[PDB]
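These notes are about the structure you will find just below.
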Amino acid sequence: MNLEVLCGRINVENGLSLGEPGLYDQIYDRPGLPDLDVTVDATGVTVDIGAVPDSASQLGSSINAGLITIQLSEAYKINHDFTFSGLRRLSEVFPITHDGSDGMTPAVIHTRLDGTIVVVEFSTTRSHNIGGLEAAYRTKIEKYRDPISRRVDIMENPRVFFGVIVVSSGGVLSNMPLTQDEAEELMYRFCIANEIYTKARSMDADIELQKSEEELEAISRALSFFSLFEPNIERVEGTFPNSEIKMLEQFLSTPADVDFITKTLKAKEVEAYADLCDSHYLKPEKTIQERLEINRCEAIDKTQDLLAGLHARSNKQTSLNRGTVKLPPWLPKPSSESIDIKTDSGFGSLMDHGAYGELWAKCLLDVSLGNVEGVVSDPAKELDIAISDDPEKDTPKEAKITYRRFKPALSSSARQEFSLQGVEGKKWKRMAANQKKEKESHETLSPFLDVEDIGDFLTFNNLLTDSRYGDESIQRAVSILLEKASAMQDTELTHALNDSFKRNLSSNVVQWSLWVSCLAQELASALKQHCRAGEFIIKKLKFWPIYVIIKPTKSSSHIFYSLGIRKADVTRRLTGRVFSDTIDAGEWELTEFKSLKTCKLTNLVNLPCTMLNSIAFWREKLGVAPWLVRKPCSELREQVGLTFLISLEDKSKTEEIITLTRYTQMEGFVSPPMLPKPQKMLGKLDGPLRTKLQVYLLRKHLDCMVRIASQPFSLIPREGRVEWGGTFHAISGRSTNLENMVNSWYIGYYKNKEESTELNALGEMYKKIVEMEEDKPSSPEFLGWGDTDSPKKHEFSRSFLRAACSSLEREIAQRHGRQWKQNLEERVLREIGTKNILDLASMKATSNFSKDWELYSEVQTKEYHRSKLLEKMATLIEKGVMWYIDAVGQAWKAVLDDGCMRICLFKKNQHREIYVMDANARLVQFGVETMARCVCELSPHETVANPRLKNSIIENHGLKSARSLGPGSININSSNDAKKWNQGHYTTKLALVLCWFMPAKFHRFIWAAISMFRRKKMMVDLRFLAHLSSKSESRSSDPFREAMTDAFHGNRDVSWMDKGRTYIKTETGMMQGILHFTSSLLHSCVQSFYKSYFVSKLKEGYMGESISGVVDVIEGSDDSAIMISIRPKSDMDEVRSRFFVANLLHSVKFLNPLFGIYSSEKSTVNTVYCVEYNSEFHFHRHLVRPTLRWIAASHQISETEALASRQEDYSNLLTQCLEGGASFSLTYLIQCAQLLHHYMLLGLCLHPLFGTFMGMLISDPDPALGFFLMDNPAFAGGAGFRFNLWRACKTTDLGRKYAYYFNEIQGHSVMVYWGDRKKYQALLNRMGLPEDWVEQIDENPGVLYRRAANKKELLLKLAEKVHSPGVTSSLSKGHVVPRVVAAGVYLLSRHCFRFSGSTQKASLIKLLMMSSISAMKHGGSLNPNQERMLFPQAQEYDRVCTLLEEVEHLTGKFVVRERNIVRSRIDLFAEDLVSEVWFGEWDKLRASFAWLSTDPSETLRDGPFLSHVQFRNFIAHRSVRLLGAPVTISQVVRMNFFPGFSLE
RNA sequence: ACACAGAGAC
RNA sequence: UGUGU
Ligand SMILES: [Mg+2]
């Protein structure tokens, strides 16, 4: 075709301006692939292009019909000249300076007239990923940047425009304004070019361009292994369950029974039709209202049935005295900062009022007499410890034991009551009435409980009421910290968004959370302050007059705390009945001995930031601007109260009611002829009720179930869009918009992620593992050997699987062309041969379970601990193997000799069951996974290995429908979920699915690799068996408990366990994530069958016409969607067409078991303009993501050791809130809460010397020492920590510190070592690492830059890997979070930091004053070359900085926002130092560096680089994708600042 | 109190 | 108990 059309309408805009990358992908459908027979020889390629199949789309019209012959020496670029067929001199274009960059010609150089040259360059990418597609375009720009950049400017009136054409089968990228149909024409021609290239390369050699030596050797190793490796198929058939190879030959060779598939599909269609008529009441004829009332009656009946069922199991008690909140409603006025405990008076009257009064009278009396130490705290001596040198002598060791410990010598009755309250409950465990309380504890509550205090508290309370404290010690400190942090950016629109934060910090809820968080931090600090029997710890909160008596429990775990405060010392209280009762003892108000576990304190430490983020978010969602002041509404109070009660309770069951409200409230989008069926959720609401808030949430959940069944959300099409009406809060029941209803479903994510792994909740994991195993079919006849037409559980149909695999093969060959197996083979061999054994060497976990651990008698003495993968990898390297290809054989031999898999188990938790396998089984698993990943990337509609496809497939479906149907097409969708995915797939299925898509070479390896899954030996926890066998009691109420006890003791034998064995056995079912890319391939095959079947059904019509429709599918691993868009010919035809589509989508629920897939009841079927995929809701043109999901995780206690990486993690979590739909103002508020959290973790409420710390930090503001940097509020979150550090370097005295650190030196950062030290030491001696490793780095310094040549530099690569600063934090598990919380009492004063150096240790105050000591020596500022070297995005950093200057005054207008919120990506923002000079043109770049000497070794000290490894670590040193209206950086700040607000 | 249709914990 | 003299 002509070229001026392509180079036409484009404007020039002066010159020296490129075009933004516009990504185009194959939205449209192609007619097909013609015949491309290729004839060898005649020193050239002689192709025979057949006639293109004609289509109504006319896409394939520019193909060359006939024969074209191109000679050799060009077939190495056959793609280049072929896909651009039909589409000079550089000195001809412009005068030449003869600088040497001449003689290279662009593909198209023609000027196109009009005075602008419009030089364009052509490129091709065979790699099927975005990465190579972008890299080719970038490198084309790089290698033709120079002429356009400078050579053009020297001539009169320059006019140029550079273009790059990059084509791939997946998509095409160009800055050129390019026609859509032209884009798919280019991709089509590229597909023919790829087919021709593969046939030419397969026919003969030397067509392919010479590659690197390492890739050829990598292919050679893999080919030799796959040709040579033998698995001894007889032994793997005999040892494991049904694994005969004959299954593979029968599956691959025998065609599917087309008569069976046709008959089975019709029967399942009839069954689905009957079920749809019966469940949705469609026959006989009834109006919509009558069926809606019938659905209402059935939902009400099922609700009352559930209530009556839960009532009978419960104790029939009308009212209970339990309080939802286990903390007092106290709101004491903050006082001067002091942890001192003073006697005062009035403790004499405490004796009479109860046992708690007796304890609180004995406690304060010891303070008066001075027996207890630490009642007075003097920071003057502690300040000396921080600043003194030689700190081993100065620190008092003996002060730890007796710090604030008192013995009350208490009476008997008080001890009895405390034993009733759990304190010292082992001494008087049995006694009297203790067993009565214990048996009363295990009582399920009744659903008809009088839970009306919760409803009154949520609607009416004093939350979000200004406490009128305003200027008090904690808030003064927070305000000072905020005002110091906002200094480099101190302007207006910072004050406006800081005053809102201070107003939100002065509410009753936030002050209450503040002192509760102080209490939680003090209890975390008291965890390791162990006491003897009868010894308690008095403490006092730094800013509040609250005294706490702590009884630490041995081995951490629980903590016992009793609060006390003078009656005159409580200014205000929270107005609610949800709080627990408090003992009134004269002038003192007391509290019972409540209990919190070691992980319950983490939820209370983050309470103030949680409340602040909830207030800011739910003020944003109601439209109230931060700078405005208004009284809270009903919705605001109810949402904050729900968040408050959820965060304080911290129970897993309570979240499950609100978590499951999503699946019962999404059913209101179900269009007719189907009725909403929200009563599917009742199966998951059978859990026992153990708290009044659970009762209230269940009662409010069932009322939401009646409303959804009664009435669905009406479409209400107003103009060019659909806006659903009738949306309402699930628990509150109050009407609201769509986003609030969606966001309310994620309120339950306010619970802490990790709760515990106790031996009571660990039992139900094995219930999940076993109950599916017991459903194994008796005969293996239906396990892949034949067809069933009615599969039971664990069974599938072979013919249906073959039909799905054939459909996926056809759809892959459609886009990828023929000979797709050749490219897949080459990619697999390349990616297997290149990888070395040390690449896999990273510590995640392994399992030491073996044959020696299979008997419980020999293991009772020992304790089970699991090693890391690095130890096994180092053992393998010491054996001699360095390549991954030389491995795998030994691992498979070991697994076959063992005959099973050795797996251990964790519980963990999600907002879960994970499996850790042995090192031998992991390598073979890694191999079978790296096959499946390369296989599934060819799939056109999965998202697990093609992450771009998630937000591509759903929106591009409308673009297909626009041409294939025209305007007015009706879209019907179906959000799908799968039940029992991990437990329900027999492993023969995945083996056949994977072996379908490979050459015959890999079939033996795959069969051997995943034939081992059919016999698993999973190790249970050792402590579980101790308590299972020690009692030896058959008494139980849950049958699984008795079954597991019987299996262990061997009274009756079962298949899933044996007598006296530590492991449990499981044949049926894969595992979570261990088989992730193969099950995704299976589930892609299943819904590639579904799309073709739906297309055929739509083509055949409903009695013989052609119902025009478009079917599109997306399925990553488990979540999946089916989008069908149709157009009705007539208005009467519309109802019949929609009924046909409803029948088509309802048939899926019955067609899934044919492939051995069980459709869950969480799947929402037959919705119009509503589709959901991976928690991302697509409501027509209004994409909705839960912002509440990401702001609740924005403040996480960081286990990192740098203390400068804490702010990096905070920025990383801040960016995730911005991408979730949060505005810039809300993101700035989240950052202020993150600052509050950061300074809480540094000792705001735990260290008396924190005021001196902030005073010294104000003088020297610097990260890596405890200073927080804040983003610009206009662009908060969109800029990373580097931009903030660059702005600080340019705008404050930190530039002096960096200038002396780098510019003026001839010859930084801190580590803190979270976690213990002896286990790291016990790790190193086990390794084979040489003790002299550091000085072997000096000679041959290429070890740190070249990955692997010989074996000698191995274990040195591993040593420099393990000695990375980030590795040390990886040794620490999740148990170091309480240590990070408790460390705030000694970070500033005591010496825990090292200067990144074991000889020297320094405190934070000492390091800060050494920075002050290092002052007055810093000379100059940042050299402009330093600003480019340290910050290689400095130029566009400045460009963003200028673009943020005009947004300085809060001036704007309130305009109604259009609801067309879609995803929008913003494209904003030293290897040559190694590859040249040091190791084997552009040599002036080293001269441009202008430092150091030209010698790899010695070179004295250019900087503080004492070792070459440290230099390598130093030399190792963002396209944030927002969500808003579709329209650019200036406009984003203009638009996405507040919903409905425009910032001028 | 703590988890839990008692197999823990204190 | 890098524990708050
Ligand atoms: Mg889903």
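Per this note's numbering: the first sequence ends with 2779, consecutive numbering throughout.
The C-beta atom is built at its ideal place from N, Cα and C for all residues, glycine as well.
1. Relative to the C-alpha of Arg-2296, which residue among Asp-1381, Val-1813, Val-2255 and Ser-2267 is closest?
2. Enumerated in chain order, which unbroken segments of the alpha helix (DSSP H) with a length of 4 residues or greater are wholly contained in the segment 2305-2354?
3. Would you identify the three-state DSSP class for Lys-1786, choosing helix, strand or coil?
4. Can you give me the Cβ contacts of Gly-1903 inside the same chain, cut-off strictly under 7 angstroms, excluding the 5 residues immediately before and after it?
5. Less than 7 angstroms between C-beta atoms, sequence neighbours within five positions excluded: which residues of the same chain meet that for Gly-1705?
6. Which residue from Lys-2027, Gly-1254 and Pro-1631 puts its Cα closest to that of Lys-1616?
7. Give the secondary structure of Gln-1306 by DSSP, where H, G and I count as helix, E and B as strand, and everything else as coil.
8. Should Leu-1880 be labelled buried (16 or more other beta-carbon atoms within 10 Å of its own) or exposed?
9. Given 8 angstroms as the limit, tell me if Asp-2354 has its C-beta closer than that to any heavy atom belonging to ligand 1.
10. Does the beta-carbon distance from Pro-1466 to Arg-2239 come in below 9 angstroms?
11. Take the Cβ of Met-2358 as the centre, count every other Cβ of all protein chains shown within 10 Å, and call the residue buried at 16 or more, exposed below.
12. DSSP beta-bridge partners for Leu-1798?
13. Going straight from the alpha carbon of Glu-1450 to that of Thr-2069, what length do you get?
14. Just verifying my parser: in three-state terms, what is the DSSP assignment at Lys-2636?
15. Please classify residue 2818: is it buried, with 16 or more other beta-carbons within 10 angstroms of its beta-carbon, or exposed?
16. Please state if the CB of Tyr-2404 and the CB of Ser-2355 are separated by a distance shorter than 9 angstroms.
17. Mind reading off the beta-carbon distance from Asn-2378 to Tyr-1516? Whole number of angstroms is fine, and I expect it under 8 angstroms.
18. Spell out the partners DSSP gives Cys-1598 in its beta bridges.
19. So, is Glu-1443 buried or exposed, given that buried needs 16 or more other C-beta atoms within 10 angstroms?
20. So is the beta-carbon of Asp-2347 under 8 angstroms away from any non-hydrogen atom of ligand 1?
21. Look at the Cβ atom of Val-1744, then the Cβ atom of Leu-1825, and state whether they are nearer than 9 angstroms.
22. Can you find the residues in the same chain that come closer than 7 angstroms, C-beta to C-beta, to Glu-2683, ignoring five residues on each side of it along the sequence?
23. Could you tell me if the beta carbon of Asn-2211 falls within a distance shorter than 8 angstroms of some heavy atom in ligand 1?
24. Count the other C-beta atoms from every protein chain shown that fall within 10 angstroms of the C-beta of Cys-1532, then say buried if there are 16 or more, exposed otherwise.
25. For the structure I just gave you, are there three or more beta carbon pairs, one from the segment 2668-2677 and one from the segment 2158-2172, closer than 8 angstroms?
26. What's the call for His-2610, buried or exposed, on a 16-neighbour Cβ count within 10 Å?
27. With DSSP as the reference, please indicate the residues paired to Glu-1824 in a beta bridge.
28. What ranges does the alpha helix (DSSP H) occupy inside the segment 2173-2218, keeping only unbroken runs of at least 4 residues that lie completely in it?
29. Counting only runs that start and end within the segment 2112-2155, where is the beta strand (DSSP E) found for 3 or more residues in a row?
30. Can at least three beta-carbon pairs, one atom from the segment 1682-1689 and one from the segment 1858-1865, be found at a separation below 8 angstroms?
31. Tell me the rounded alpha-carbon separation between residue 2781 and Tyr-2535.
32. Looking at the structure shown, is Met-2562 part of a helix, part of a strand, or coil, going by DSSP?
33. Within the same chain, show all residues whose beta-carbon is closer than 8 angstroms to that of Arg-1865, passing over the 5 residues directly before and after it, in chain order.
34. I'd like the ranges of any alpha helix (DSSP H) spanning at least 4 consecutive residues and lying wholly in the segment 2688-2753.
35. Does DSSP classify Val-1280 as helix, strand or coil?
36. From the DSSP output, in three-state form, read off residue 2829 for me.
Reading from the atomic positions:
1. Checking every option, the nearest Cα to that of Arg-2296 belongs to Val-2255.
2. Listed in chain order, they are 2312-2335.
3. Residue state, collapsed to three classes: strand.
4. Closer than 7 angstroms at the Cβ level, and outside the excluded window around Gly-1903, lie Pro-1911, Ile-1943, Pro-1947 and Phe-1948.
5. Excluding sequence neighbours, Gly-1705 sits near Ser-1741.
6. Considering only alpha carbons, the answer is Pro-1631.
7. The DSSP-derived three-state label of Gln-1306 is strand.
8. With 16 or more other Cβ atoms within 10 Å, it is buried.
9. The answer is yes for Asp-2354.
10. Against a cut-off of 9 angstroms, the Cβ pair of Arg-2239 and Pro-1466 comes out as a contact.
11. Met-2358 is buried by the Cβ-count criterion.
12. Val-1783, per the DSSP bridge assignment.
13. Whole-angstrom Cα-Cα distance: 7 angstroms.
14. Residue state, collapsed to three classes: coil.
15. Because the chain is modelled from 1236 through 2779, residue 2818 falls outside the range shown and cannot be assessed.
16. Not a contact, by the Cβ cut-off of 9 angstroms.
17. A Cβ-Cβ distance of about 15 angstroms is found for the pair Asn-2378 and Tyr-1516, leaving them out of contact under the 8 angstroms criterion.
18. Under the DSSP definition of a beta bridge, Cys-1598 lacks any partner.
19. Exposed: under 16 other Cβ atoms inside 10 Å.
20. No, the Cβ of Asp-2347 stays beyond 8 angstroms of every heavy atom of ligand 1.
21. No, the Cβ-Cβ distance between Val-1744 and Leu-1825 is not below 9 angstroms.
22. Same-chain partners within the cutoff: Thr-1726, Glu-1727 and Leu-1728.
23. Yes, the Cβ of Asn-2211 comes within 8 angstroms of a heavy atom of ligand 1.
24. It is exposed - the Cβ of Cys-1532 has fewer than 16 other Cβ atoms within 10 Å.
25. As far as the Cβ criterion goes, the segment 2668-2677 does not touch the segment 2158-2172, which means the pair count is below three.
26. With fewer than 16 other Cβ atoms within 10 Å, it is exposed.
27. Looking at the DSSP assignment, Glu-1824 forms a beta bridge with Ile-1800 and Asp-1819.
28. Counting only unbroken stretches of 4 or more residues, the alpha helix (DSSP H) elements lying wholly within the segment 2173-2218 are 2185-2200, in sequence order.
29. The segment 2112-2155 contains these whole beta strand (DSSP E) runs: 2136-2141 and 2149-2152.
30. The segment 1682-1689 is not in contact with the segment 1858-1865.
31. Here the chain comprises residues numbered 1236 to 2779, so residue 2781 is not present and cannot be evaluated.
32. Residue state, collapsed to three classes: coil.
33. For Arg-1865, where only same-chain residues beyond five positions count, the Cβ hits under 8 angstroms are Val-1859.
34. 2719-2724 and 2743-2750, all fully within the segment 2688-2753.
35. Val-1280: strand per DSSP, three-state reduction.
36. Outside the displayed span of the chain (1236 to 2779) sits residue 2829, for which this structure offers no information.
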